[PDB]
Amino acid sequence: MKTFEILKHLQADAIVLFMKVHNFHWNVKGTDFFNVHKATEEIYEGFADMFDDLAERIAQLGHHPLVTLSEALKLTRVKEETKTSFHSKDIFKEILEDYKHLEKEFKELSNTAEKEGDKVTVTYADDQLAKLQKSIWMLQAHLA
C-alpha cells in the first residue's frame, strides 16, 4: 500500500469520525455535559481539518482525493456508531480506541513516505502523530 493510498484511507476515516463524534456531541448525558459537548466540538472540528489537509496533500501528489460519502464508507476502517445515548466514560473510551487506530496509520504513513523520499508527507505525518500522542495520553488519563 503506497503513500496516496494510505492518505485516501485516512481521508475516509476522518469524515467517518467527524460524523461519529457529532453523535457523541449530541447524545452525551450526565452533569459534565458542558465539558463533553465543548470537547467533542473541538474534536470534530479537528477531524474536518484533518479531512481537508489529507485531501489537499493527495491533490498536491497528483492524485484525486475522495469526493463522495459512499467512497468514504467503502474505504474506511472505522465502525460507525448507531447508539444514541452515552456518558462521558463511554465516549472517551470510543475516541481513545479510534485515536490509537489513527496513530498506527499515521506511523505507516510516515514510514512509507520516507521510503519514497516524500519529505513533506513525513513532516505532515509526524505533526499528526504529535497531536495524537498528546490526545491519547490525556484520554488515557480520563479513564484512570
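Residue positions are given as counts along the sequence shown, with the first one as 1.
Using only the Cα atoms and their B-factors as the entry lists them, report which of 9-17 and 117-125 averages higher. On average, C-alpha B-factors are higher across 117-125.
Between 51-59 and 77-85, point out the one with the higher average CA B-factor as the PDB entry records it. It is 77-85 that shows the higher mean C-alpha B-factor.
Splitting the chain's C-alpha B-factors into thirds, which one does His101 fall into? For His101, the deposited C-alpha B-factor lands in the lowest third.
When the deposited Cα B-factors of this chain's modelled residues are ordered and cut into thirds, is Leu109 in the lowest, the middle or the highest one? Within its chain, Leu109 is a lowest-third residue by C-alpha B-factor, going by the deposited values.
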